[PDB]
Number of protein chains: 2
Amino acid sequence: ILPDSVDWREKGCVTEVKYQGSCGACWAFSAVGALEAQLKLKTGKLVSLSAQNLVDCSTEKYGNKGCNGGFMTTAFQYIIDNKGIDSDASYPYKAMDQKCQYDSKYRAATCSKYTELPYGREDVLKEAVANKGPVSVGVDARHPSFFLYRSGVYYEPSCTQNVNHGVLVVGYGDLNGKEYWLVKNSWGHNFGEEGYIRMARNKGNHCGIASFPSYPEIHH
Amino acid sequence: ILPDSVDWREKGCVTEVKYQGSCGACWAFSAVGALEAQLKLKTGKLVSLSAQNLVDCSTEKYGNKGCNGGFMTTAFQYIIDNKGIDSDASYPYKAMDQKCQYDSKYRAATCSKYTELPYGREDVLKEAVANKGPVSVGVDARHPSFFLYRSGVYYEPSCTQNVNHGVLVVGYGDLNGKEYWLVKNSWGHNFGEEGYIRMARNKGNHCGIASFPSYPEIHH
Ligand SMILES: CS(=O)(=O)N1CCN(c2ccc3nncn3n2)CC1
Ligand SMILES: CS(=O)(=O)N1CCN(c2ccc3nncn3n2)CC1
């Protein structure tokens, strides 16, 4: 029986909201956020990981295009292949494409595997967020209403399953009879509810939130 | 220990080569080809499955755009969710977007699940082709050499891991020192080696062939 609500911020597994600026690196922020939680679960330490390291290093071999987009799964595979990712403090975010500057001296996490959830299954996504941790997802963030979200549970009749923006599901619940996913964005604290958006849950895979979920793991 | 060469056509698990014509339905052909093999393994029948059913019915809610492209994995999820796919004979291919005409009375196959292989791992792809069946993959077909291919092992110096064309790996082997993946295309029998292309194997994930591999399975 799954909990009726989850919020991984209550377990110290979520870092401060980040600001991606004019660089389309949401995929990199989504991927580091999922791995940050697993790092906390394994080591007890909450550490922001380097989205810039993914932008600069998880590049064309990984199907990624830096500030012009990419994939959370292939970011995970780069972390596996590279045998590490640097901390954000060591390898800070510049919102630009740069030369690869990875250095194992500054490694703050590893990754051993990743899992992709089945397409559109919000029950399976609920299980994963309850039992595994925060889950990387894509959402359709194209609609003017998304940018203007301030409160409540986001439901946009014009939303599609054509996803364009990587984000992080850190929880779920029910507000005033509306089920929601708790989503951490990378547009700074100004966006939404201190950087978060509650997005409609069990409303037909609204905005594609359960289309392409993935999460990493760190083994012994 | 894996076999040095595999060809699923010798196992009776590969249908005749199809012709997509002016419709970008490669994803749909790739998906039905992978499931046709599993249907043969479960039932003993080799049956062409309806790519048109996927074009018409695995649409916006699956992130697909019919003749303008789509995903093999979300095609598999459509078949799971729909509890079926029709035969090609009952629901033939017209190389255009149509209204959904699925009818369960023409069901030829089901799907219980699908598996996405880890990114870029040609050894894992080899294991899957040897032990599970033909595998749906994407390749970078954005080079004139792919269109002009006639025979032998295809290697394109300009190839990338930015994949755009869904195809089916039906085997692997080597041509006098040159390892290859045996790929079934959907550009008719005049393409390549009577519909097939042998693509370079163990050459750094050449043309992204091991970027995004998936295969479906049928209950039992
Ligand atoms: C950057 S994004 O968050 O908008 N989004 C783009 C789509 N991505 C896909 C696409 C097909 C697919 N099949 N399996 C996993 N995916 N993931 C996920 C990342
Ligand atoms: C139509 S295609 O054959 O060129 N190709 C497009 C890319 N697709 C992706 C994309 C991201 C992704 N992340 N994980 C799994 N995939 N699959 C697979 C299908």
# chains A, B, ... in the order shown; residues from 1 in each chain; ligands from 1

call {"tool": "interface_residues", "arguments": {"of": "chain A", "to": "chain B", "cutoff": "9 Å", "atoms": "only C-alpha atoms", "output": "ChimeraX atom specification"}}
result
/A:60-64,73-74,77,113-116,118-120,160-163,204-205,208,211

call {"tool": "calpha_fit_and_write", "arguments": {"fixed": "chain B", "moving": "chain A", "output": "compact mmCIF listing (two decimals) with C-alpha atoms, in the first residue's frame"}}
result
# COMPACT_ATOMS: atom_id res chain seq x y z
CA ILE A 1 29.09 -17.34 -24.42
CA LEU A 2 27.12 -15.59 -27.22
CA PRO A 3 27.04 -16.92 -30.79
CA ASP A 4 29.53 -15.21 -33.13
CA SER A 5 26.60 -14.60 -35.57
CA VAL A 6 22.82 -14.45 -35.50
CA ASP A 7 20.22 -14.08 -38.26
CA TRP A 8 16.59 -14.30 -37.12
CA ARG A 9 15.48 -14.73 -40.76
CA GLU A 10 16.96 -18.32 -40.47
CA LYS A 11 14.39 -19.03 -37.68
CA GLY A 12 11.38 -17.72 -39.70
CA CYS A 13 10.92 -14.76 -37.30
CA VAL A 14 11.15 -11.90 -39.87
CA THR A 15 8.39 -10.85 -42.26
CA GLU A 16 8.80 -9.47 -45.79
CA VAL A 17 10.45 -6.06 -46.06
CA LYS A 18 7.84 -3.27 -46.22
CA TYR A 19 7.76 0.03 -48.16
CA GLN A 20 6.85 3.05 -46.02
CA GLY A 21 6.50 5.44 -49.03
CA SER A 22 6.32 9.22 -48.38
CA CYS A 23 5.07 8.69 -44.75
CA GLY A 24 7.62 8.99 -41.88
CA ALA A 25 6.23 5.88 -40.16
CA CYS A 26 9.59 4.08 -39.71
CA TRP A 27 8.95 3.97 -35.92
CA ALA A 28 5.75 1.98 -36.58
CA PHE A 29 7.49 -0.48 -38.92
CA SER A 30 10.39 -0.95 -36.45
CA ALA A 31 7.91 -1.64 -33.60
CA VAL A 32 5.72 -4.11 -35.57
CA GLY A 33 8.83 -5.94 -36.80
CA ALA A 34 10.08 -6.52 -33.24
CA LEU A 35 6.66 -7.74 -32.11
CA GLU A 36 6.27 -9.99 -35.23
CA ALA A 37 9.32 -11.99 -34.12
CA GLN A 38 7.99 -12.42 -30.57
CA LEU A 39 4.63 -13.54 -31.97
CA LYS A 40 6.41 -16.22 -34.08
CA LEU A 41 8.45 -17.31 -31.02
CA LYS A 42 5.30 -17.64 -28.88
CA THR A 43 2.67 -19.02 -31.34
CA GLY A 44 4.78 -20.59 -34.18
CA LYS A 45 2.99 -18.32 -36.73
CA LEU A 46 4.69 -15.55 -38.78
CA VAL A 47 2.17 -12.72 -39.37
CA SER A 48 2.78 -9.16 -40.57
CA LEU A 49 1.30 -6.73 -38.06
CA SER A 50 -0.38 -3.41 -38.89
CA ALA A 51 1.99 -0.42 -38.99
CA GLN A 52 -1.10 1.61 -40.10
CA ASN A 53 -2.86 0.68 -36.81
CA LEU A 54 0.07 2.34 -34.95
CA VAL A 55 0.09 5.40 -37.25
CA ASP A 56 -3.69 5.96 -36.83
CA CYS A 57 -4.14 4.88 -33.17
CA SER A 58 -0.83 5.34 -31.25
CA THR A 59 -1.09 9.15 -31.62
CA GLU A 60 -0.76 12.25 -29.45
CA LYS A 61 -1.45 10.36 -26.12
CA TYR A 62 1.69 8.35 -27.02
CA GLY A 63 3.84 11.33 -28.12
CA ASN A 64 3.55 10.10 -31.74
CA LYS A 65 2.73 12.12 -34.87
CA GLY A 66 1.87 9.41 -37.44
CA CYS A 67 3.55 10.13 -40.78
CA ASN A 68 5.56 12.90 -38.99
CA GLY A 69 7.35 10.54 -36.60
CA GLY A 70 7.13 8.72 -33.28
CA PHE A 71 8.70 6.23 -30.93
CA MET A 72 8.90 2.45 -30.83
CA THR A 73 8.59 2.31 -27.03
CA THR A 74 5.42 4.34 -26.96
CA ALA A 75 4.04 2.18 -29.82
CA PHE A 76 4.66 -0.88 -27.58
CA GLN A 77 2.85 0.87 -24.71
CA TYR A 78 -0.16 1.55 -26.99
CA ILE A 79 -0.29 -2.17 -27.90
CA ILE A 80 -0.20 -3.04 -24.16
CA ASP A 81 -2.87 -0.40 -23.29
CA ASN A 82 -5.08 -1.32 -26.27
CA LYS A 83 -4.75 -5.08 -25.49
CA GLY A 84 -3.87 -5.74 -29.13
CA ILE A 85 -2.74 -4.80 -32.62
CA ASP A 86 -4.52 -5.82 -35.85
CA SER A 87 -2.82 -7.78 -38.69
CA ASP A 88 -1.43 -5.94 -41.69
CA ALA A 89 -3.88 -7.87 -43.90
CA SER A 90 -6.89 -6.59 -41.85
CA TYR A 91 -5.57 -3.04 -41.45
CA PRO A 92 -3.42 -2.33 -44.49
CA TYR A 93 -0.82 0.37 -44.92
CA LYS A 94 -1.80 3.52 -46.81
CA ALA A 95 1.22 5.82 -46.06
CA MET A 96 -1.16 8.52 -44.73
CA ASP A 97 -2.64 9.64 -41.41
CA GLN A 98 -6.16 8.16 -40.98
CA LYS A 99 -8.86 7.83 -38.30
CA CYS A 100 -8.30 5.05 -35.78
CA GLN A 101 -9.99 1.88 -37.18
CA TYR A 102 -8.66 -0.70 -34.65
CA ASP A 103 -11.03 -3.66 -34.26
CA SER A 104 -10.29 -6.58 -31.86
CA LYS A 105 -11.98 -8.94 -34.44
CA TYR A 106 -8.75 -8.58 -36.42
CA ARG A 107 -6.30 -8.74 -33.51
CA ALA A 108 -3.16 -10.75 -34.41
CA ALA A 109 -0.84 -9.92 -31.49
CA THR A 110 -0.67 -8.65 -27.94
CA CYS A 111 2.21 -7.18 -25.96
CA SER A 112 2.79 -7.47 -22.19
CA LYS A 113 5.91 -5.39 -21.60
CA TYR A 114 8.86 -3.79 -23.31
CA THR A 115 12.49 -3.25 -22.34
CA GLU A 116 14.84 -0.35 -23.21
CA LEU A 117 18.53 -1.30 -23.37
CA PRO A 118 21.20 0.92 -21.84
CA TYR A 119 22.46 3.74 -24.07
CA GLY A 120 25.29 2.95 -26.47
CA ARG A 121 26.10 -0.55 -25.12
CA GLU A 122 26.75 -2.71 -28.19
CA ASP A 123 27.64 -5.76 -26.01
CA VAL A 124 24.20 -5.54 -24.32
CA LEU A 125 22.51 -5.14 -27.73
CA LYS A 126 24.41 -8.28 -28.95
CA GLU A 127 23.13 -10.23 -25.91
CA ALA A 128 19.54 -9.10 -26.58
CA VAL A 129 19.63 -9.94 -30.30
CA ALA A 130 21.11 -13.41 -29.45
CA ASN A 131 18.84 -14.23 -26.46
CA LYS A 132 15.55 -12.27 -26.91
CA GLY A 133 15.07 -11.65 -30.62
CA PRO A 134 15.11 -8.74 -33.10
CA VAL A 135 15.55 -5.31 -31.42
CA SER A 136 14.00 -1.97 -32.47
CA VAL A 137 16.65 0.76 -32.80
CA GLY A 138 17.11 4.27 -34.17
CA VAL A 139 19.91 5.13 -36.58
CA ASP A 140 21.29 8.31 -38.15
CA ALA A 141 20.11 7.67 -41.75
CA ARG A 142 20.58 11.32 -42.80
CA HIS A 143 23.79 10.93 -44.82
CA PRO A 144 23.73 10.63 -48.67
CA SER A 145 25.80 7.40 -48.40
CA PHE A 146 22.98 5.64 -46.49
CA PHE A 147 20.50 6.01 -49.36
CA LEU A 148 23.11 4.66 -51.85
CA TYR A 149 24.21 1.64 -49.74
CA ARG A 150 24.35 -1.53 -51.94
CA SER A 151 26.78 -4.04 -50.31
CA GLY A 152 29.41 -4.71 -47.66
CA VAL A 153 29.42 -3.17 -44.19
CA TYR A 154 28.23 0.46 -43.97
CA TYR A 155 30.71 2.78 -42.24
CA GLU A 156 30.23 6.54 -42.76
CA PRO A 157 32.84 8.80 -41.08
CA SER A 158 30.19 11.64 -41.08
CA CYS A 159 27.67 9.52 -39.08
CA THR A 160 26.49 10.81 -35.73
CA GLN A 161 24.57 9.54 -32.71
CA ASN A 162 21.73 11.97 -33.64
CA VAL A 163 19.27 9.23 -34.71
CA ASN A 164 16.26 9.98 -36.94
CA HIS A 165 15.15 6.61 -38.45
CA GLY A 166 13.59 3.58 -36.77
CA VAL A 167 14.79 0.20 -38.02
CA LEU A 168 15.09 -3.39 -36.80
CA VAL A 169 18.21 -5.26 -35.85
CA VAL A 170 17.62 -8.90 -36.93
CA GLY A 171 21.15 -10.20 -36.52
CA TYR A 172 24.88 -9.62 -36.37
CA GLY A 173 28.04 -11.14 -37.71
CA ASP A 174 31.40 -10.58 -39.38
CA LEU A 175 31.99 -10.08 -43.12
CA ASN A 176 35.61 -9.97 -44.40
CA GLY A 177 36.87 -8.90 -40.95
CA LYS A 178 34.21 -6.17 -40.48
CA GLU A 179 31.74 -6.76 -37.65
CA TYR A 180 28.19 -5.75 -38.49
CA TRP A 181 24.62 -5.44 -37.31
CA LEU A 182 22.05 -6.87 -39.76
CA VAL A 183 19.36 -4.16 -40.12
CA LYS A 184 15.95 -4.54 -41.76
CA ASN A 185 14.82 -1.18 -43.27
CA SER A 186 11.29 -0.18 -44.46
CA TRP A 187 12.22 1.39 -47.83
CA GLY A 188 11.24 -1.71 -49.86
CA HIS A 189 13.39 -4.42 -51.51
CA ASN A 190 15.08 -1.80 -53.77
CA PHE A 191 17.05 -0.43 -50.84
CA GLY A 192 20.37 -2.03 -49.97
CA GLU A 193 20.58 -5.84 -49.93
CA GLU A 194 16.89 -6.73 -50.63
CA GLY A 195 15.80 -4.17 -48.00
CA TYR A 196 18.64 -4.79 -45.51
CA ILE A 197 21.80 -2.92 -44.55
CA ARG A 198 24.81 -4.31 -42.68
CA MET A 199 25.90 -1.47 -40.36
CA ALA A 200 29.31 -1.29 -38.61
CA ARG A 201 29.35 -3.00 -35.18
CA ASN A 202 31.78 -2.24 -32.29
CA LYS A 203 32.83 0.98 -34.10
CA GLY A 204 31.89 3.46 -31.38
CA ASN A 205 28.09 3.17 -31.54
CA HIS A 206 28.25 3.96 -35.27
CA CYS A 207 25.25 5.98 -36.52
CA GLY A 208 23.77 5.64 -33.04
CA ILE A 209 22.59 2.05 -33.70
CA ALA A 210 22.92 1.05 -29.98
CA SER A 211 21.66 4.47 -28.67
CA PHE A 212 17.97 3.62 -28.10
CA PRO A 213 17.29 -0.11 -28.47
CA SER A 214 14.03 -1.68 -27.24
CA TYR A 215 12.20 -4.95 -27.60
CA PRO A 216 8.70 -6.12 -26.62
CA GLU A 217 7.64 -9.45 -25.06
CA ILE A 218 4.38 -11.44 -25.02
CA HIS A 219 3.66 -13.29 -21.74
CA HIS A 220 1.36 -16.30 -21.10

call {"tool": "select_by_dssp", "arguments": {"residues": "segment 77-184 of chain B", "states": "alpha helix (DSSP H)", "output": "mmCIF file with C-alpha atoms, in the first residue's frame"}}
result
data_model
loop_
_atom_site.group_PDB
_atom_site.id
_atom_site.type_symbol
_atom_site.label_atom_id
_atom_site.label_comp_id
_atom_site.auth_asym_id
_atom_site.auth_seq_id
_atom_site.Cartn_x
_atom_site.Cartn_y
_atom_site.Cartn_z
ATOM 1 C CA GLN B 77 2.830 0.828 -24.765
ATOM 2 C CA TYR B 78 -0.127 1.608 -27.100
ATOM 3 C CA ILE B 79 -0.367 -2.143 -27.940
ATOM 4 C CA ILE B 80 -0.269 -3.002 -24.194
ATOM 5 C CA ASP B 81 -2.883 -0.355 -23.303
ATOM 6 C CA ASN B 82 -5.094 -1.182 -26.294
ATOM 7 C CA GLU B 122 26.783 -2.729 -28.165
ATOM 8 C CA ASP B 123 27.626 -5.804 -26.013
ATOM 9 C CA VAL B 124 24.181 -5.614 -24.309
ATOM 10 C CA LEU B 125 22.539 -5.157 -27.780
ATOM 11 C CA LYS B 126 24.442 -8.293 -28.953
ATOM 12 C CA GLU B 127 23.160 -10.269 -25.963
ATOM 13 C CA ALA B 128 19.558 -9.130 -26.642
ATOM 14 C CA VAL B 129 19.718 -10.017 -30.361
ATOM 15 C CA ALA B 130 21.201 -13.431 -29.517
ATOM 16 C CA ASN B 131 18.904 -14.336 -26.612
ATOM 17 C CA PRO B 144 23.427 10.532 -48.555
ATOM 18 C CA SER B 145 25.572 7.352 -48.120
ATOM 19 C CA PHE B 146 22.667 5.696 -46.227
ATOM 20 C CA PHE B 147 20.240 6.350 -49.141
ATOM 21 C CA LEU B 148 22.891 5.231 -51.673
#

call {"tool": "select_by_dssp", "arguments": {"residues": "segment 81-218 of chain B", "states": "strand (DSSP E or B)", "output": "VMD selection string"}}
result
chain B and resid 85 to 87 107 to 109 113 to 116 135 to 139 153 to 154 165 to 174 179 to 184 187 193 196 to 200 214 to 217

call {"tool": "write_last_selection", "arguments": {"atoms": "C-alpha atoms", "output": "PDB file, in the first residue's frame"}}
result
ATOM      1  CA  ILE B  85      -2.788  -4.768 -32.577  1.00  0.00           C
ATOM      2  CA  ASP B  86      -4.522  -5.852 -35.796  1.00  0.00           C
ATOM      3  CA  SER B  87      -2.967  -7.879 -38.608  1.00  0.00           C
ATOM      4  CA  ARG B 107      -6.449  -8.653 -33.314  1.00  0.00           C
ATOM      5  CA  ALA B 108      -3.313 -10.583 -34.342  1.00  0.00           C
ATOM      6  CA  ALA B 109      -0.998  -9.907 -31.396  1.00  0.00           C
ATOM      7  CA  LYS B 113       5.863  -5.312 -21.626  1.00  0.00           C
ATOM      8  CA  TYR B 114       8.899  -3.861 -23.318  1.00  0.00           C
ATOM      9  CA  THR B 115      12.527  -3.327 -22.325  1.00  0.00           C
ATOM     10  CA  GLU B 116      14.808  -0.386 -23.184  1.00  0.00           C
ATOM     11  CA  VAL B 135      15.548  -5.366 -31.421  1.00  0.00           C
ATOM     12  CA  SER B 136      14.039  -2.021 -32.468  1.00  0.00           C
ATOM     13  CA  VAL B 137      16.728   0.718 -32.759  1.00  0.00           C
ATOM     14  CA  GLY B 138      17.149   4.225 -34.101  1.00  0.00           C
ATOM     15  CA  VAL B 139      19.983   5.167 -36.418  1.00  0.00           C
ATOM     16  CA  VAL B 153      29.306  -3.110 -44.278  1.00  0.00           C
ATOM     17  CA  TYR B 154      28.091   0.470 -44.040  1.00  0.00           C
ATOM     18  CA  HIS B 165      15.281   6.588 -38.377  1.00  0.00           C
ATOM     19  CA  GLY B 166      13.659   3.573 -36.725  1.00  0.00           C
ATOM     20  CA  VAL B 167      14.865   0.187 -37.983  1.00  0.00           C
ATOM     21  CA  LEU B 168      15.063  -3.432 -36.745  1.00  0.00           C
ATOM     22  CA  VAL B 169      18.220  -5.340 -35.855  1.00  0.00           C
ATOM     23  CA  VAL B 170      17.568  -8.936 -36.979  1.00  0.00           C
ATOM     24  CA  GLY B 171      21.102 -10.263 -36.587  1.00  0.00           C
ATOM     25  CA  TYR B 172      24.822  -9.661 -36.427  1.00  0.00           C
ATOM     26  CA  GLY B 173      28.017 -11.082 -37.859  1.00  0.00           C
ATOM     27  CA  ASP B 174      31.170 -10.202 -39.754  1.00  0.00           C
ATOM     28  CA  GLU B 179      31.735  -6.707 -37.817  1.00  0.00           C
ATOM     29  CA  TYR B 180      28.166  -5.681 -38.580  1.00  0.00           C
ATOM     30  CA  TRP B 181      24.591  -5.418 -37.345  1.00  0.00           C
ATOM     31  CA  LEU B 182      22.028  -6.905 -39.802  1.00  0.00           C
ATOM     32  CA  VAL B 183      19.315  -4.270 -40.108  1.00  0.00           C
ATOM     33  CA  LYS B 184      15.895  -4.651 -41.709  1.00  0.00           C
ATOM     34  CA  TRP B 187      12.254   1.357 -47.677  1.00  0.00           C
ATOM     35  CA  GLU B 193      20.675  -5.688 -49.827  1.00  0.00           C
ATOM     36  CA  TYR B 196      18.549  -4.830 -45.502  1.00  0.00           C
ATOM     37  CA  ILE B 197      21.668  -2.912 -44.553  1.00  0.00           C
ATOM     38  CA  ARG B 198      24.669  -4.283 -42.686  1.00  0.00           C
ATOM     39  CA  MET B 199      25.814  -1.484 -40.367  1.00  0.00           C
ATOM     40  CA  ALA B 200      29.238  -1.225 -38.693  1.00  0.00           C
ATOM     41  CA  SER B 214      14.061  -1.731 -27.230  1.00  0.00           C
ATOM     42  CA  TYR B 215      12.173  -5.004 -27.571  1.00  0.00           C
ATOM     43  CA  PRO B 216       8.654  -6.096 -26.643  1.00  0.00           C
ATOM     44  CA  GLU B 217       7.547  -9.381 -25.041  1.00  0.00           C
TER      45      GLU B 217
END
